[PDB]
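Trainee: Quick one, what's the 3D model for this:
(chains A, B, C, D, E, F, G and H)
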Amino acid sequence: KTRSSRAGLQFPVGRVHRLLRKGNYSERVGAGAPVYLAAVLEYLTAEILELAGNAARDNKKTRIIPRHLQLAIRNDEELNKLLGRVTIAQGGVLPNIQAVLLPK
Amino acid sequence: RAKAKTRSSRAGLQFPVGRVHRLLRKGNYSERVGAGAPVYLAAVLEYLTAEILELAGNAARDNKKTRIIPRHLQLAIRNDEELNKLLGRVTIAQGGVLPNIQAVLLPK
Amino acid sequence: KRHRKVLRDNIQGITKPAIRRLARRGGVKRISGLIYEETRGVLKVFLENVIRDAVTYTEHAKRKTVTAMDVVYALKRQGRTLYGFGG
Amino acid sequence: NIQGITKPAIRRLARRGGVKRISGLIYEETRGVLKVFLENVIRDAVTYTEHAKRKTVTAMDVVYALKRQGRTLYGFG
Amino acid sequence: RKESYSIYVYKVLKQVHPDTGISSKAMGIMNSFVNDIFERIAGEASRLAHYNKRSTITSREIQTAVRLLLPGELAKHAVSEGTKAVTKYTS
Amino acid sequence: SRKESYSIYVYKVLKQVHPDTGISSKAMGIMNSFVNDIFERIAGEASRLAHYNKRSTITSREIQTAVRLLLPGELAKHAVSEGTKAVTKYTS
Amino acid sequence: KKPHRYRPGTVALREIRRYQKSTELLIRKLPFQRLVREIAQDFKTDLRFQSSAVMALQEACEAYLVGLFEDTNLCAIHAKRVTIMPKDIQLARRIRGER
Amino acid sequence: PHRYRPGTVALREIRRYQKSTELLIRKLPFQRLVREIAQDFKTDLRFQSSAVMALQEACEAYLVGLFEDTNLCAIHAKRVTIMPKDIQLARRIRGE
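Mentor: Numbers count the residues shown, from 1 in each chain, chains lettered A, B, ... in the order given. Sharing the structure here:
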């Protein structure tokens, strides 16, 4: 039986534990810490994929591509805040024209 | 036993090599620490301290003050391009700002 | 067991002449009447973020008194390192 | 070689930035800015390469250089 | 060899969008993302442990670090997921 | 209650560079904050260097590369010169 | 005879010189403390504060505002005005990346 | 002959280039510039292809962001044409 299975998670708890042990972060690691961390990472992954899927469906595409990820991130205030200083390669920018530039 | 010599003295330094070594061991930066690393680090820290104190002393004498106070440190830091770059995001408490008025605001 | 008067409207303690003085240090010569409310809002936002982080640190240590070190760490992790309050 | 960053390319970049009209003097200024940016990044990148005692700059070298200047880049790990 | 989160990303994707796929580049970007957030959280946790002179990183430190890095609603939901996961694991 | 600081070393350096100049308590505290800040930056950058290259030991080489990364230009060259001279004198 | 009355701007400039020469804190201690305690109370009730913590917070707040006013002034001057206005503050904060 | 008014094609280009994501500078001159600059720090360096593509993504993203801020600065002064002083103001406020 795996610890991820006992925890109801998809992300690999064991691997996260090994990466913490070898990442020179602290002398000891509690048993609950990698479970908590794995849960948080899985939650955030689900949030981003949710929005990116929505953006893909608006674009009538069945596969999420980087463009959809950039659109998803920049259109969500809290994610945009979290990734304010991150560049998504091949992401482009949000469609946006300043009102003063339009005629009339 | 051999007479005690300090590593700082062996290196011709003023900063405490032993203490820096202890802080590296206990700062969880790496599993192992080479014998030469704390000497180098101590030398760099001492040099930078000397540079800041040099500029601050100059500023202190320009203001006809004999004791360096925080105001002099702020003046010293902002008037040197490379230190200003290094400490671009640092606030010096009780430092104030450099005297500076935009030219367009003065009368004609 | 004799607590202070409940705090209200303390944003008004940031007076008009104080903001003017701060602007003077920034080199500002003339100031529109609408500046003051805007400044108050900006200051409030800044303060909120700092105090939030400080209190988070205070709770992690299971203490009830926010210390100077708590504030220094909060500021440091927002890229506004402050010198003078260590030790 | 700085002239290989042509005028129409900078115009296209500005279009993506939403700029509608562009003074003739912008282009030279832009080139200068670009040069400075590149220099800094490359200076750090080569440093990593040199630390590893390698002669080939890798993608990872660039990613680390960019990260330590607060311009984290996704996609090249 | 070269580890990635690809299979876990795919399982999550199938949970949230059964009929959606993903390009190779997008999966690479997701891996970069996961590693980034991992490093941030572990580093913040490290500072937390040092400040309080504790030698053990526990789930409580993780929780405090999460409260510091994520804004508002994201933080609350993350805390909720972490608490449920620890409670389910413990029993 | 024993709290270590760099005060005595700062004072010795001050006497080397400005024999008749003093320093207020606040300024000495600021110097301690400064020294700790640069220490943390350098040690952290060195840690990342060591990690990237799968080496378990931080040596003077990592310190030197970190120094080149953090300090600008002439400040970096002078610091590197001081460190190298100091290490070579120490080794003999 | 007519009372002495400097023209608009003279005293402002003299104040700029005056306050850039000195370093003392410019907001009153106690109202600032009350502000901090009020804001703090909306996260957790009954917190206490060390004195030096409040003084540190005050240094940080005033330094932040001073920097914001430098940038605001540059933005105002760019538009060939000499009076700073709310849109200048909003531009400065947008470019810093806070909004 | 038919002629579009000044600005119409500019707007069309804005929509066009904000809709797509392909790199906008030619690969080879960019590479040549990179190698020339690199040559002034250490001789005989080579580069992996993906390193150059990464550098190009970073450079173009940086410039795009700078042009957004520049445009905001231009509009602030009630102009529609960006000028060098606008770039210098933007760069000063970013802290470079």
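Trainee: And the helices in chain A, which stretches?
Mentor: Assigned by DSSP state H, chain A shows helices spanning A:3-7, A:13-22, A:33-58, A:66-74, A:77-82.
Trainee: what about the helices in chain C?
Mentor: Counting by DSSP H, the helices of chain C are C:16-25, C:35-60, C:68-77.
Trainee: ok, residue G:56 to residue C:83 distance?
Mentor: Here residue G:56 is placed at a distance of 10 Å from residue C:83 (Cβ to Cβ, to the nearest Å). No exception for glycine: its C-beta is placed from N, CA and C like everyone else's.
Trainee: re earlier: I'd like the helices of chain A written out as JSON lines, with distance to residue B:102 added.
Mentor: Below are those laid out as JSON lines (distance: least, Cβ to Cβ, whole Å):
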{"stretch": "helix A:3-7", "distance to residue B:102": "61"}
{"stretch": "helix A:13-22", "distance to residue B:102": "53"}
{"stretch": "helix A:33-58", "distance to residue B:102": "45"}
{"stretch": "helix A:66-74", "distance to residue B:102": "36"}
{"stretch": "helix A:77-82", "distance to residue B:102": "34"}
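Trainee: okay if I get those helices as CSV plus mean neighbour count and distance to residue E:14?
Mentor: Converted to CSV, the helices of chain A look like this (neighbours: other Cβ atoms under 10 Å in any protein chain shown; distance: least, Cβ to Cβ, whole Å):
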stretch, mean neighbour count, distance to residue E:14
helix A:3-7, 17, 16
helix A:13-22, 16, 20
helix A:33-58, 22, 10
helix A:66-74, 23, 17
helix A:77-82, 15, 22
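Trainee: Now distance to chain D too, for those helices, in TSV please.
Mentor: As requested, those are exported to TSV (distance: least, Cβ to the nearest Cβ, whole Å):
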stretch	distance to chain D
helix A:3-7	23
helix A:13-22	14
helix A:33-58	12
helix A:66-74	7
helix A:77-82	12
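Trainee: Next, count neighbours for residue A:87.
Mentor: Residues near residue A:87, counting by other Cβ atoms under 10 Å in any protein chain shown, number 20.
Trainee: so what's it closest to, chain neighbours aside?
Mentor: Of all residues beyond its chain neighbours, the one nearest residue A:87 is residue H:61 (4.6 Å), with distances taken as Cβ to Cβ, 6 or more residues apart in numbering or on different chains.
Trainee: now swap in residue A:38 and tell me
Mentor: Nearest residue to residue A:38, sequence neighbours excluded (Cβ to Cβ, 6+ apart): residue A:11, at 4.4 Å.
Trainee: so how far is chain F from that neighbour?
Mentor: Relative to chain F, residue A:11 is positioned 23 Å away (Cβ to the nearest Cβ, to the nearest Å).
Trainee: Also residue E:48?
Mentor: Residue E:48 is 15 Å from chain F, where distance means Cβ to the nearest Cβ.
Trainee: so which strand or helix has that residue?
Mentor: helix E:24-51 (DSSP states H and E).
Trainee: Tell me the secondary structure at the residue nearest to the spatial centre of chain G.
Mentor: In chain G, the centroid-proximal residue (Cα atoms, centre = their mean) is residue G:65; its distance is 4.3 Å. Under DSSP: H, G, I helix; E, B strand; the rest coil, residue G:65 falls in the helix class.
Trainee: OK, now which residue of chain C is nearest to chain D?
Mentor: Here chain C gets closest to chain D at one residue, residue C:79, 8.8 Å apart by Cβ to the nearest Cβ.
Trainee: Test my guess that that residue contacts residue B:89.
Mentor: Yes - taking Cβ atoms under 8 Å as the definition, residue C:79 is a contact partner of residue B:89 at 5.8 Å.
Trainee: joint contacts of those two?
Mentor: With Cβ atoms under 8 Å, 6 or more residues apart in numbering or on different chains applied, the contact sets of residue C:79 and residue B:89 do not overlap.
Trainee: re the thing from before, the residue of chain C closest to chain D: what's it in contact with?
Mentor: residue B:89.
Trainee: again with residue C:10
Mentor: G:31, G:34-35, G:38.
Trainee: any idea how far it is from residue F:6?
Mentor: Distance from residue C:10 to residue F:6, counting by Cβ to Cβ: 40 Å.
Trainee: give the contact list for the residue of chain A found nearest chain F.
Mentor: With Cβ to the nearest Cβ, the shortest gap between chain A and chain F falls at residue A:24, namely 7.1 Å. Residue A:24 is in contact with B:28-31, F:47, F:51, counting by Cβ under 8 Å, 6+ apart.
Trainee: Name the member of the residues you listed with the shortest distance to residue C:58.
Mentor: Taking Cβ to Cβ as the measure, residue C:58 lies nearest residue B:28 of the contacts of residue A:24, at 24.1 Å.
Trainee: Count the residues that sit near residue G:17.
Mentor: Neighbours of residue G:17 (other Cβ under 10 Å): 11.
Trainee: That one - that's part of a strand, no?
Mentor: No - per three-state DSSP, residue G:17 lies outside any strand segment and is helix.
Trainee: Roughly how far does it sit from residue C:7?
Mentor: Distance of residue G:17 to residue C:7, given as Cβ to Cβ: 37 Å.
Trainee: So for residue E:13, what's the nearest residue that isn't a sequence neighbour?
Mentor: Sequence neighbours aside, residue A:49 is the residue nearest to residue E:13 in space, at 5.4 Å (criterion: Cβ to Cβ, 6+ apart).
Trainee: Quick one: residues contacting the one you found.
Mentor: A:64, E:9, E:12-13, E:16-17.
Trainee: List phi and psi for residue A:10.
Mentor: phi -100, psi -30 (degrees, to the nearest 10).
Trainee: Was I right to think it contacts residue E:11?
Mentor: Yes - contact criterion Cβ under 8 Å: residue A:10 and residue E:11 qualify, at 4.6 Å.
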